Structures are given as structure tokens and as C-alpha cells.
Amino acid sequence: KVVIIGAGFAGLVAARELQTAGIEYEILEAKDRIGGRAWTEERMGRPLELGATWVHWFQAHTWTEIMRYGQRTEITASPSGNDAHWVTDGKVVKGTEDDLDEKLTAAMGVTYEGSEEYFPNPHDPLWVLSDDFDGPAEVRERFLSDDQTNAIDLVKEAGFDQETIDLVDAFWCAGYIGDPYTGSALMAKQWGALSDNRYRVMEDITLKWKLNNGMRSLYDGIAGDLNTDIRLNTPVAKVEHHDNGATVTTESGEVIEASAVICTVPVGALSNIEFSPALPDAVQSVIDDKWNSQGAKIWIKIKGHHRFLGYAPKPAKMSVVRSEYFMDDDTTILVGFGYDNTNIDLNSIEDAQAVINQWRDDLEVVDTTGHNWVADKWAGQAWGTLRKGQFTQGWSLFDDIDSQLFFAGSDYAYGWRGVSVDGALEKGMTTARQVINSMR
């Protein structure tokens, strides 16, 4: 009787949690596939992650699933010690990956500033605004001010030179997967807090360890535990929600009565669903504005074996590009993150060559691929990231619903919110507990 909308990680783990509690559920998924914004698929001669890729044992929810489904030793680190290239004042500078990481490390010290005062428990991100806050008034003032400041301006205001500004510009075009200048610096500070306030840990957690058997070994594992078949090709068109239950209408017009609805549809796709009554004004403002995830992820194949790292600031097609696989036919597959899905065609060899040409003139693209999540009706974004003001008046507002409609998904997590499968597994599970506790 609980209707779960979406068979991504949040919906899958919510279903398994309800099953443990003996609560009847049904998952309605719009696509002909499960996994959502995690999607492992054979492309260009090997399995590639069209979305979620990296994991770490400091991510509690992701790591427990890795252990559960047999993947404990099935992780491999991305290539390191690459030849680094970065664009700063319209020119390419070359150095070692260590050289680049040293410059980023110094910049992150200033970027994280305040995280120890804001986030003593890094899983209580809004503690500063709670009745339990006991620090000085100036800490709350700076906290609210930091929600209206982007992460690049912090580095500018600290007097770093143009090279470091261009490096963090590139870095946060990837990290905010969108225009970093519209973003909330509090997101970066909480990443620091969850990473022991050290750049190397933050990169170890978010950009190092890959699953040999893909995210699909995890989402297929969870679905394999479910005793109720997932209803694929069943998009939800309408949710009527009240204090004692809900009514869901599918695209085909099927009406399904529910004791509760767990909605995992991301903000970028919520406009496909009619809500009755309308969602609160403050939540609608977030949906209208959207998150700060307008960017895109590409996979590029070049001739030869090349250990390559490239950084480029806005408005480049791609801001962070790195070698990921050395193939048996003398080619290299690289990953890339960009700030603007509309400035690159992920499947155009000419655009992929333009990306590589940002740094080198001697590397030849032979293949390219990707899925433009922002142009995907059922996503409408990449990973969720925060605009100015959305740390304190954004993701947490989706919990302020009186009815039996519950919003779950990575974008509303307390921890590795938006950016990580960890946040989807966190919030899917805890939202199921909200439903369980209410029924108990």
C-alpha cells in the first residue's frame, strides 16, 4: 500500500526497508530500467558509468551495500600521477598532478574555513540554525552569509593569484556540475566537514575508487532482494496527498490508492507530476529555481596510452578531464565533467576533440559517449548541487509536508547530499523509517 515513485537507489533501498518491516509496497518506475542516475552500461568496448561512479568506505550507506552485495574487494583506484595541464589566463600551464594538487590543497584550506564551527557533527548541517546552537552570534551570521557567497569568491578574497582562481573555477565547475558562481559555498564547506577537512580525503571519497562490477552490482543487488516486482514503464502523472493516505495516477490513467507515497523523482523532473494540493510555496520556489546541476559528464576515447589530467575554467566545454582506462587496443578512455550541458554534445567526436584541444594539439579522439541527464525528462539535472541560499532554505524544506507524501532522494540527505549515492541510500532508508514509525 506504500507507493514508491522511482527505482533509483533511494526508491530501491526504501522498498527493501519497508519489506523488512512487513509493509506492503509497490515501486513505479517511468523508465524501462532501474538504477536512475546510477547507470552501468557497455559502451566503447567496456562497462562505463553513465552517471554515479566513485565510492568510499567513509560513506556509510554506500559502503554497507558494497559489503552486502559482495563487492568488498571489487574496487579499483582511478589512475594517478598523470601529466597535468591547466588553463589559466587563456594559456595552458603544465605540471605534475602533485603540483596541481598542492595548489588546490592550499585553496581548500580557505574554502573550508568555518566548517569546524558549523559542522561539529557533519551529519547535522543545520545545527547552527537550531535551538541547540550555543556558539557565538557571529558564527550564525557568517553561516547565513556563506550561503550567499560562492566558493570561488572565498579564494579571491583571500588574495590567491589568478592561476589558483582559475584552478578552483575549473574544480568547482565540476563539483557544482554547473555554474559555480551561482553556488552556495556552504556545500563545499560541508564536503570538507565530511572529509575531515582535508582535500586529499575529499578527493579520495568522491573521485578515486570505482566499482569493478559497476553501480549495477549494487542496484541489481537491492532489486534482487525485493519480493514485489518493480513496475517499469509506469510514469506517475499525479499525486493527491492527504493526512491519512494518498492517490497516485499514472500516465495511462491508472489510479492507485496508497497509505503513503515516497517520491524520489528529482527536482529537475518534478514538473512532470501534478500535486494536489499544490506543494508549499517555499518548496515550489526551489523546484522553479532548480538545483545547480546544469552540467554534464562525458567519456572520451583517444589514440595511445596517455596519463592525462586537464583543468579549465568556465565557460569551457569540460572543466576536469582525467584518464580512467588504458585499453587493450592502444587507446585511453578519459572522463570529463562540464558546467553546461548545452555547450557540448557528448556523442559528437568533434566536440570531444574540442575538449581535448583545450590542452593539447597532438591527441586524437576516436570515440566519445555520454548521457545528457539534464535533457532527460526523468532527471532534468545531473547530481544535485546548491545555489546560493539553498543550503539553509532549499533541500531541508522538502521535509516540511504535512501529508503522507514524503520526498526522498540524494538531494535531501543530511550527509553526502546530491553528489553521492550515499545520500540516496541514506534518505531512501530514513524516509522508509518515517513511514514505518508513523504506522507503528
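Start at 1 and count along the sequence shown; that's the residue number.
- Mean CA temperature factor is higher for 86 to 94 when stretches 86 to 94 and 297 to 305 are set side by side in the entry.
- Taking the PDB entry as given, 156 to 164 carries the higher mean Cα B factor of the two stretches 288 to 296 and 156 to 164.
- In this entry, the residue among 35, 45, 415, 394 with the greatest C-alpha B factor is 45.
- Note on 139, 218, 194, 261: the highest value goes to 139, judged by CA B factor as recorded.
- Residue-level temperature factors show residue 401 in the highest third of its chain, judged at the C-alpha atom.
- Residue 41: CA B factor lies in the highest third for its chain, per the PDB record.
- Remark: residue 123 belongs to the middle third of its chain, ranked by C-alpha B-factor as recorded.
- Among the modelled residues of the chain, residue 2 sits in the middle third by CA temperature factor in this PDB entry.
- In this PDB entry, residue 411 carries a Cα temperature factor that places it within the lowest third of its chain's modelled residues.
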